[PDB]
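Here's the structure, in C-alpha cells; my notes come after.
Numbers here are sequence positions counted from 1. Side-chain atoms are counted along with the backbone in the values below, which use heavy atoms only and exclude waters and symmetry mates.
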Amino acid sequence: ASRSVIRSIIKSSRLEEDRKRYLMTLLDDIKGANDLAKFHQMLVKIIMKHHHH
C-alpha cells in the first residue's frame with residue numbers, strides 16, 4: 001500500500017507507542033512498491049491479531 005496509508009494505520013492503532021515507533025523505523029527502511037505491499041500485509045495481520053485479544 002502507500003506509505004501514507006501504512007503510516008495512518010500504525011498511528012491510529014492501539015499498539016504501545018514504542019511499538020508504533022519501532023514499526024515506523026522499519027517502514028522508513030522499506031523501499032519499493034512490492035516491499036511496501038508486503039509490509040502492509042504483515043501489518044494488517046499484526047493489528048488484527050492484537051485487536052482480537
Item to check | Separation between CE of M24 and CD1 of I6, rounded to the nearest 0.5 Å | outcome: 8.0 Å
Next on the checklist: With a sphere of 6.0 Å drawn around CG of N34, does it hold more than 12 non-hydrogen atoms of other residues, nucleotides or ligands?
Outcome noted: no
Item to check | Path from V44 to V5 over hydrophobic side-chain contacts below 4.5 Å | outcome: no
Item to check | From CD1 (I30) to NE2 (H40), nearest 0.5 Å | outcome: 13.0 Å
Checklist entry - Can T25 and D29 be said to form a side chain to side chain contact (heavy atoms under 4.5 Å, CB included), step by step? => result CA-CA 7 Å; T25 66; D29 281 336; 5.7 Å; no
Next on the checklist: Strictly distance-based, threshold 3.5 Å: is any side-chain N or O of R3 a donor or acceptor partner for the main-chain N or O of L36?
Outcome noted: no
Item to check | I10 to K20 - nearest heavy-atom pair and separation | outcome: O-CE, 3.3 Å
Item to check | Interatomic distance, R14 atom CZ to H51 atom NE2 [nearest 0.5 angstrom] | outcome: 6.5 Å
Checklist outcome for this item: Between the CZ atom in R7 and the CG atom in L43, the distance rounded to the nearest 0.5 Å is 14.0 Å
Next on the checklist: If you count every heavy atom of other residues, nucleotides or ligands that lies below 6.0 Å from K38 atom NZ, does the total exceed 12?
Outcome noted: no
Checklist entry - At their closest point, which heavy atom of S13 faces which heavy atom of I47, and how far apart are they? => result CB-CD1, 3.4 Å
Next on the checklist: If I compare all heavy atoms of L26 with all of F39, which pair ends up nearest, and what's the gap?
Outcome noted: CB-CE1, 3.7 Å
